[PDB]
Every structure is written in C-alpha cells, then in structure tokens.
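Below is one structure, written out as structure tokens; the observations come after it.
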Amino acid sequence: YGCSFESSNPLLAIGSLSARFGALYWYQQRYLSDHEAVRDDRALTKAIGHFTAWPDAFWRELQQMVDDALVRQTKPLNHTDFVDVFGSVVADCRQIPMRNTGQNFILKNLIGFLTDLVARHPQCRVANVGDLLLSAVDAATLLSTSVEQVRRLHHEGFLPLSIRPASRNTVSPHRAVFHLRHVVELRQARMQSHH
RNA sequence: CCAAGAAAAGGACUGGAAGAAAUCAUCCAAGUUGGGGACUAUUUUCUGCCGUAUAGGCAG
C-alpha cells in the first residue's frame, strides 16, 4: 500500500511500488512452482527472508548450473547456444518493467556475475565458457536497449557476426549469433550512463 | 425388359531359269578479344623418457 522503509539492507527493501510488485512476481514463478493452493498469504510470506542474503546467494545458484551443464557437454562450446547452459534466466529479467540498471536490481546482479565469469576465462587454443552464442534479442536485454538499435550497431561495425548465413535469406532475432565475451566488453566500453 | 431370345467355316498345296554402268574436271581472295580481383577463419594435434640417430618403440 506504501513503502515507508528505513535501514533497508535487503535488495527487496527499497524503491517505488511497481518494482516491489515485480520482484514478487519473479520470485513466485521461479520458486513457488507448486500448483496454486490459494496459500495467498503463506506462499508469498517467505519471499522477504529469501532475499536477505541475495547479494551472496544468487551467484551460487548461477554457478551451480555452469558445472552441471558442463559435464553434460556434447559439442565444442563455441557452437553451443547460450540458452543451453543458463535456461533463459536472461529473459526473466524482463518481468520487472523498468529498463535501466540502477532500478532493476535483478538485472544488475546478473550482469555483475557475467562480467566476472568472462574475466576469469581469457581466450586460448581450446574453446571455453564465454564463447557461447547470444541471439539478437539477448544482446538487446544485456545492453539495455531495443533490438533495432543492435541492428544499427552491427551495421556500423562495432561488433562481429560469427555464423555465416545462406544467401537470399535473413537472420531472425531468435537465431544465436554473437559471442558472449564480445558483448560484455562492448558494454563496458561504450554503453555506460549515469543510471 | 435392347430390329428382342439360341448358334464351331473347316480340310490339302514346290515360283523358277539367265545377266559388264561407263568416259572428263583448279573453291578462291582480307581480318587486333580486352579490362579488375585475399582461401583461411573461434584453429582443436601440446609435455616428456630409452635409443649413435629427424630411423623404430613408449608413458601420460
């Protein structure tokens, strides 16, 4: 009904109401997968405790699935889709309606993590994590901008395309084609703002 | 409920004999195909011991 908080240590304890609503919606689909039992009070009541160690737990949830994915590998990683390892955790960032990083704190932590992941895995002769392919709609989300802007950014040569398409065809938004390390670096280099 | 209704064309057979297509001949003269250009990339093949040895055999 209102916020009214002070000494807001948890990442769920600050902000405008729309964000506070979005954070709960996200928590629910992701951890309350059990079918509705109209436990309208009890089901959501737990979300606050959950977030109290967030700055240090979210990363472990992401780390766990890097390893479980790795041991099930069937192709060299540089032809593997980003989605096969992280399971659309990126798309879920779109459920909070705000676009910028300083307000959408879920996206802010996911990017933090991916930047570190790339940093500890530099390029060498054998491919490794960080060379995964992103689709056009994924870069748009990580770069905090609409899709048409990515097409314009490609056209000017600020980033490379890795898969050669056939002639008399087009690459659709859903096709996986940019390397992760290329997107992370470009964003640090030329996409920052006061937000 | 048809110019309606029914229906065994069968049996036999020696085309033969003979022949010279031939003589002649000039396809020639001329002619500008040319101008430009990346097979390597997100490659997988490293590190050692024995053996005179770029031979031959081996662990990871």
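Every chain in the structure tokens takes a letter, A first, then B, and so on in the order presented; its residues are numbered from 1, and the ligands are numbered from 1 following the presented order.
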Please identify all polymer residues within 12 Å of residue 175 in chain A, counting only C-alpha atoms (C1' of nucleotides), omitting same-chain residues fewer than 3 positions from it, and present them as a list in words.
-> residues 81, 82, 83, 133, 134, 135, 136, 137, 138, 139, 161, 162, 163, 164, 165, 170, 171, 172 and 178 of chain A
With a cut-off of 12 Å, could you pull out the residues of chain B touching chain A and give me the nearest pair of atoms for each, distance in Å to one decimal, using only C-alpha atoms (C1' of nucleotides), ordered by chain and ascending number, as a Markdown table?
```
| residue | atom | partner | partner_atom | distance |
| --- | --- | --- | --- | --- |
| B:41 | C1' | A:162 | CA | 10.2 |
| B:42 | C1' | A:78 | CA | 6.5 |
| B:43 | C1' | A:125 | CA | 7.1 |
| B:44 | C1' | A:126 | CA | 6.0 |
| B:45 | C1' | A:125 | CA | 11.4 |
| B:46 | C1' | A:125 | CA | 10.4 |
```
Which of range 58-97 of chain A counts as alpha helix (DSSP H) under DSSP, as a ChimeraX atom specification please?
-> /A:58-70,82-86
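From CA of residue 11 in chain A back to CA of residue 105 in chain A, the distance works out to 7.4 Å.
Closest to residue 195 in chain A among A:145, A:115, A:100, A:18 is A:100, based on only C-alpha atoms.
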